[PDB]
Amino acid sequence: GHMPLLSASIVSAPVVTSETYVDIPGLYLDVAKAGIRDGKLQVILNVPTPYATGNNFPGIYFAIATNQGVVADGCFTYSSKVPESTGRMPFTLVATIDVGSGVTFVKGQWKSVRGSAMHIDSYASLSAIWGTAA
Amino acid sequence: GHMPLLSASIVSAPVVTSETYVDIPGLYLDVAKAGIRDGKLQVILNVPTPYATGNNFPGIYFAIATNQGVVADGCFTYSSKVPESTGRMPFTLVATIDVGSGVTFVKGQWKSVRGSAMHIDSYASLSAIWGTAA
Amino acid sequence: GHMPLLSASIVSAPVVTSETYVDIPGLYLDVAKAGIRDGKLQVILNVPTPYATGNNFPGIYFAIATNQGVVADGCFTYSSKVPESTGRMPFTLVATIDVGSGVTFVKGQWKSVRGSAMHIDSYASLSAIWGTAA
Ligand SMILES: CC(=O)N[C@H]1[C@H](O[C@@H]2[C@@H](O)[C@H](O)O[C@H](CO)[C@@H]2O)O[C@H](CO)[C@@H](O[C@@H]2O[C@H](CO)[C@H](O)[C@H](O)[C@H]2O[C@@H]2O[C@@H](C)[C@@H](O)[C@@H](O)[C@@H]2O)[C@@H]1O[C@@H]1O[C@@H](C)[C@@H](O)[C@@H](O)[C@@H]1O
Ligand SMILES: CC(=O)N[C@H]1[C@H](O[C@@H]2[C@@H](O)[C@H](O)O[C@H](CO)[C@@H]2O)O[C@H](CO)[C@@H](O[C@@H]2O[C@H](CO)[C@H](O)[C@H](O)[C@H]2O[C@@H]2O[C@@H](C)[C@@H](O)[C@@H](O)[C@@H]2O)[C@@H]1O[C@@H]1O[C@@H](C)[C@@H](O)[C@@H](O)[C@@H]1O
Ligand SMILES: CC(=O)N[C@H]1[C@H](O[C@@H]2[C@@H](O)[C@H](O)O[C@H](CO)[C@@H]2O)O[C@H](CO)[C@@H](O[C@@H]2O[C@H](CO)[C@H](O)[C@H](O)[C@H]2O[C@@H]2O[C@@H](C)[C@@H](O)[C@@H](O)[C@@H]2O)[C@@H]1O[C@@H]1O[C@@H](C)[C@@H](O)[C@@H](O)[C@@H]1O
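Chains as they are written, first to last, in the entry's author numbering: chain AAA, -2 to 131; chain AAA', -2 to 131; chain AAA'', -2 to 131. A prime marks a further copy of an entry chain.
Have a look at this one:
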């Protein structure tokens, strides 16, 4: 384990609405367990096939979070107030975290855009590659 | 070659329809040749500018596949049955594979959503970073 | 610094139009400074929440560029000539570069699709992982 790669994957999540970032169940990396105590992690949240349902330009915010909270966030939104059929909108988020700050874990989170119901019904991943500062 | 990075890129592919996952020609990493026999690979399939044509909510499924078959898959779809003009829908898929299972290669694949013709006419990549278990 | 991870992030950029690739201010990795003189870099440009405004199927081209120019590029475009409201269209681009060619830096760049104004008003990143040839 000189060069550890962390990964977690899901294929579904209970459909929820949330005004605040809530964990995506199963997208969680236990960093402490891996013996990562310092250095840097490049974390990728990959949700390649999500959709959102709602009545007001639906979408989903996603975030990468540690113990210390959200490090990076982003969203997709549809370009129609009520899309003919809510299409799949691939989403990727990349963030680099300093593990020494007190990071024990990394997780993926999501939140509604304008009261959207959030849908994962296929593969989604959270991955991390360990490195050093330059 | 202590820390090998694998990469393959294309700029086009013959436009095809397929009911089943078929290789995207040229998105192929010969892992065995690189002397990767165990450990983990973080594989990224990046198709940043695809489009699909069809008459029924067109889209494309994409997959990361090894010798042992599809490890991860996802899709984009338009939100209109027949879009005014089929726009570019960036797509990224990330998967982590155990090389020891008998992985000699990693490839990108695609399949039609609802009989869509699949279009790559610009840069697309398949990349991999080698690591260990934690 | 045996295994260096490079990263840069922004949360906004002045809104501009450009017929040619122009730097996205702040998405810049000083590679030379990190003492990377050879080997390979896997570079990810992550713009998870952009939008474009215009009157003719708006969109944005993005590129990864070194001192030696653009190594990889891609775009998103809307599927309507004038979208009801220009939605957020997550964009990721992945490229692997040979550092020995005279690479001192890596940057993210963008260009208008059909005279689109280019909008970043939230987190965007440029990341790189160092490896060797196989
Ligand atoms: C209630 C309903 O029928 N929804 C369908 C959807 O119906 C379309 C209408 O809403 C539209 O305005 O009129 C057209 C006329 O053609 C449609 O009848 O059709 C989509 C497919 O276009 C369908 O979703 C597919 O469902 C199948 C199983 O039947 C698959 O699981 C397939 O992957 C689904 O398509 C994807 O998911 C949807 C949300 C979009 O993102 C597509 O672009 C993807 O390809 C709708 O079906 C519903 O949603 C499904 C996920 C499922 O939960 C069904 O139980 C539900 O009816
Ligand atoms: C048959 C045709 O003319 N298709 C065009 C498309 O026409 C539009 C109509 O379908 C629409 O409903 O009405 C409007 C009125 O303005 C249009 O006339 O226009 C697009 C550009 O908007 C055009 O695609 C561009 O073609 C050029 C070369 O002319 C470039 O290669 C450019 O990158 C193309 O745009 C992209 O690709 C298309 C598919 C979309 O994803 C855009 O959002 C991208 O920016 C259509 O042209 C066709 O498709 C091209 C790929 C090419 O194969 C042409 O030979 C073909 O006419
Ligand atoms: C001028 C204007 O009002 N633009 C709004 C937009 O208005 C819609 C109309 O253009 C449409 O055709 O009719 C509907 C009727 O409901 C709307 O009134 O609404 C969007 C939200 O739907 C709004 O953008 C949001 O603005 C807030 C602050 O008020 C937030 O910053 C929010 O994140 C914005 O939404 C996102 O950004 C826009 C561009 C889209 O990508 C959405 O899908 C995202 O969720 C428009 O507001 C404008 O753009 C904002 C970025 C901001 O600069 C405002 O000052 C400007 O009015």
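Even for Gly, the Cβ is constructed at its ideal location relative to N, Cα and C.
Residues sharing a beta bridge with AAA/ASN43, DSSP:
Taking the first sequence and counting its residues from 1, one reaches residue 43 of chain AAA at position 46. For AAA/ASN43, which the question treats as bridged, DSSP gives the partners AAA/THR89 and AAA/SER122.
Less than 7 Å between CB atoms is the rule here; does AAA'/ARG111 satisfy it with respect to chain AAA''?
Taking the first residue of the second sequence as position 1, residue 111 of chain AAA' is located at position 114. No, AAA'/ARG111 lies away from the interface with chain AAA'' (no Cβ there is under 7 Å from its Cβ).
Assign AAA''/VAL100 to buried or exposed, taking buried as 16 or more other Cβ atoms, counted over all protein chains shown, within 10 Å of its Cβ.
Start at 1 with the first residue of the third sequence, and residue 100 of chain AAA'' comes out as number 103. Counting Cβ neighbours within 10 Å, AAA''/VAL100 comes out buried, since at least 16 surround it.
Would you say AAA'/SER82 touches ligand 2, meaning its beta carbon is less than 6 Å from a heavy atom?
Taking the second sequence and counting its residues from 1, the one referred to as residue 82 of chain AAA' is at position 85. Under cutoff, so the answer is yes.
I'd like to know whether the C-beta of AAA/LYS104 is nearer than 7 Å to at least one C-beta of chain AAA''.
The sequence position of residue 104 of chain AAA within the first sequence is 107, counting from 1. Not closer than 7 Å to any Cβ of chain AAA'', the Cβ of AAA/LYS104 fails to qualify, so no.
If I'm right that AAA''/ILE126 touches AAA''/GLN39 with Cβ under 8 Å, what's the distance once you round it to whole angstroms?
Counting from one through the third sequence, the residue named residue 126 of chain AAA'' turns up at place 129. Counting from one through the third sequence, the residue named residue 39 of chain AAA'' turns up at place 42. With 8 Å as the limit, AAA''/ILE126 and AAA''/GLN39 qualify as a contact, their Cβ atoms being about 5 Å apart.
Does the segment 28 to 48 of chain AAA'' come close enough to the segment 89 to 104 of chain AAA'' to have 3 or more Cβ pairs within less than 8 Å?
yes
Which value, in whole angstroms, describes the spacing of the CA atoms of AAA/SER77 and AAA''/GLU81?
Taking the first sequence and counting its residues from 1, the one referred to as residue 77 of chain AAA is at position 80. Taking the third sequence and counting its residues from 1, the one referred to as residue 81 of chain AAA'' is at position 84. In a straight line, the C-alpha of AAA/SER77 is about 5 Å away from that of AAA''/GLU81.
Answer yes or no: the CB of AAA''/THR74 versus the heavy atoms of ligand 2, is any distance below 6 Å?
By one-based count along the third sequence, residue 74 of chain AAA'' stands at place 77. Because some heavy atom of ligand 2 lies under 6 Å away, the Cβ of AAA''/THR74 counts as near it: yes.
Can you tell me which of AAA'/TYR18, AAA'/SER113 and AAA'/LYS37 puts its alpha carbon nearest to the alpha carbon of AAA/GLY(-2)?
Walking along the first sequence from the start, residue -2 of chain AAA turns up at place 1. Of the listed residues, the one whose Cα sits closest to AAA/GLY(-2) is AAA'/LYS37.
So with Cβ pairs under 7 Å, would you call AAA''/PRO22 a contact of chain AAA?
The residue given as residue 22 of chain AAA'' occupies position 25 in the third sequence. Cβ-Cβ to chain AAA under 7 Å: no for AAA''/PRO22.
Looking at the C-beta of AAA'/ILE126, does it have a partner C-beta in chain AAA at a distance below 7 Å?
Indexing the second sequence from 1 puts residue 126 of chain AAA' at position 129. It does: the Cβ of AAA'/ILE126 has a partner Cβ on chain AAA nearer than 7 Å.
Within 6 Å: the Cβ of AAA'/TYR120 and any heavy atom of ligand 1?
One-based indexing of the second sequence puts residue 120 of chain AAA' at position 123. Result no, Cβ not under 6 Å from ligand 1.
In chain order, what residues of the same chain have a beta carbon less than 6 Å from the beta carbon of AAA''/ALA62, not counting five sequence neighbours either side?
For the purposes of this step, residue 62 of chain AAA'' is identified with residue 65 of the third sequence, where counting begins at 1. Excluding residues within five positions, the ones whose Cβ falls inside 6 Å are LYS104 and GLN106.
Tell me which residues share the same chain as AAA/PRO87 and place their Cβ nearer than 6 Å to its Cβ, disregarding the 5 neighbours each side in the sequence.
Position 90 of the first sequence, counted from the start, is the residue given in the question as residue 87 of chain AAA. Once the five neighbours on either side are set aside, the close Cβ partners of AAA/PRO87 are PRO45.
Can you find the residues in the same chain that come closer than 6 Å, C-beta to C-beta, to AAA/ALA131, ignoring five residues on each side of it along the sequence?
As a first step, residue 131 of chain AAA must be located in the first sequence, where it is residue number 134. So the list is empty, once near-sequence residues are dropped.
Between AAA'/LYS108 and chain AAA, is there a C-beta pair that is closer than 7 Å?
Taking the second sequence and counting its residues from 1, one reaches residue 108 of chain AAA' at position 111. It does not; no Cβ of chain AAA falls within 7 Å.
Mind the definition here: the segment -1 to 15 of chain AAA' touches the segment 112 to 125 of chain AAA' only if three or more C-beta pairs lie below 8 Å; say whether that holds.
yes
Assuming contact is defined by CB atoms lying nearer than 7 Å, are residue 135 of chain AAA' and AAA'/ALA114 in contact in what I supplied?
Outside the shown range of chain AAA', which is -2 to 131, sits residue 135 of chain AAA', and nothing can be said about it.
Which of the three DSSP states, helix, strand or coil, is assigned to AAA/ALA130?
As a working mapping, residue 130 of chain AAA is identified with position 133 in the first sequence. Note: AAA/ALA130 maps to coil in three-state DSSP.
From this set, AAA'/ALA10, AAA'/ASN43, AAA'/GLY71 and AAA'/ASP27, which residue's C-alpha is nearest AAA''/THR89's C-alpha?
Here residue 89 of chain AAA'' is taken as the residue at index 92 of the third sequence, counted from 1. If we check each option's Cα against that of AAA''/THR89, AAA'/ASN43 comes out closest.
Please look up how many angstroms separate the CB atoms of AAA'/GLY71 and AAA/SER119, rounded, as I've assumed it's under 8 Å.
Your numbering for residue 71 of chain AAA' matches position 74 in the second sequence. Your numbering for residue 119 of chain AAA matches position 122 in the first sequence. Right, the Cβ-Cβ distance comes to about 6 Å (below 8 Å), so this counts as a contact.
Do AAA''/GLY84 and AAA/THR74 come within 7 Å of each other at the CB atom, strictly closer than that value?
Within the first sequence, the letter at position 77 stands for residue 74 of chain AAA. Within the third sequence, the letter at position 87 stands for residue 84 of chain AAA''. Against a cut-off of 7 Å, the Cβ pair of AAA''/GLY84 and AAA/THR74 comes out as a contact.
Segment limits, beta strand (DSSP E) that includes AAA/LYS108
As a working note, residue 108 of chain AAA is residue 111 in the first sequence. Note, AAA/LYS108: beta strand (DSSP E), 102 to 110.
Under 7 Å between C-beta atoms of AAA'/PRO11 and AAA'/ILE117
Mapped onto the second sequence, residue 11 of chain AAA' falls at position 14. Mapped onto the second sequence, residue 117 of chain AAA' falls at position 120. No, the Cβ-Cβ distance between AAA'/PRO11 and AAA'/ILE117 is not below 7 Å.
Using only CA atoms, which one of AAA/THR17, AAA/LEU2 and AAA/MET0 lies nearest to AAA/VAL67?
By one-based count along the first sequence, residue 67 of chain AAA stands at place 70. The candidate whose alpha carbon is nearest that of AAA/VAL67 is AAA/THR17.
Give a yes or no on whether 7 Å exceeds the smallest Cβ distance from AAA''/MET0 to chain AAA.
Taking the third sequence and counting its residues from 1, one reaches residue 0 of chain AAA'' at position 3. Judged by the 7 Å Cβ criterion, AAA''/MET0 is in contact with chain AAA.
Heavy atom of ligand 2 less than 6 Å from the Cβ of AAA''/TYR18, yes or no?
Taking the first residue of the third sequence as position 1, residue 18 of chain AAA'' is located at position 21. No, since every heavy atom of ligand 2 falls outside the 6 Å radius drawn around the Cβ of AAA''/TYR18.
Buried or exposed: where does AAA''/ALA49 fall if 16 or more other Cβ atoms within 10 Å of its Cβ makes it buried?
In the third sequence, counting from the first residue as 1, residue 49 of chain AAA'' sits at position 52. AAA''/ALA49 comes out buried.
Reducing DSSP to helix, strand and coil, say where AAA'/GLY(-2) ends up.
Residue numbering aside, residue -2 of chain AAA' sits at position 1 when the second sequence is read from its first letter. In the structure shown, AAA'/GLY(-2) sits in coil (DSSP, three-state: anything other than H, G, I, E or B).
I'd like to confirm something about AAA'/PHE54: is its beta-carbon nearer than 6 Å to some heavy atom of ligand 1, or not?
Working through the second sequence from its first residue, we reach residue 54 of chain AAA' at position 57. Yes, since a heavy atom of ligand 1 falls inside the 6 Å radius drawn around the Cβ of AAA'/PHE54.
7 Å Cβ cutoff, AAA''/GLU16 in contact with chain AAA:
Locating residue 16 of chain AAA'' in the third sequence gives position 19, counting from the first residue. Output row for AAA''/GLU16: interface = no.
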